[PDB]
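The data below hold one chain only, encoded as structure tokens and taken in the form solved without the DNA.
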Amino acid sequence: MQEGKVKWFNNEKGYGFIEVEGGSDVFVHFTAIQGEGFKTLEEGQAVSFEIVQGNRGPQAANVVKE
């Protein structure tokens, strides 16, 4: 995987961005979030994830809350 920190996440809209050291912020949608908790993230949360290419460009897949 790839490690990052959530930059921001809007729990009403269901999306945000993950900040990665020395790379561009990666879009994250709630549908990519793993686990049985609520499909939400909060600023500063540590996550692991894969980058995939969707029709709008890079986005996160397999987002696991650490």
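Counting begins at 1, following the sequence as shown.
Missing here is the form deposited with the DNA bound; even so, the following discussion is about that form.
Although the partner is absent here, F49 sits far enough away that none of its heavy atoms falls within 4.5 Å of the DNA in the deposited complex. Heavy atoms of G37 reach within 4.5 Å of the DNA in the deposited complex, making it an interface residue.
In the deposited complex, no heavy atom of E21 sits within 4.5 Å of the DNA. In the deposited complex, the DNA stays beyond 4.5 Å of every heavy atom belonging to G44. Contacts with the DNA in the deposited complex, taken as any heavy atom within 4.5 Å, map within 11 to 33 to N11, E12, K13, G14, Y15, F17, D25, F27, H29, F30, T31.
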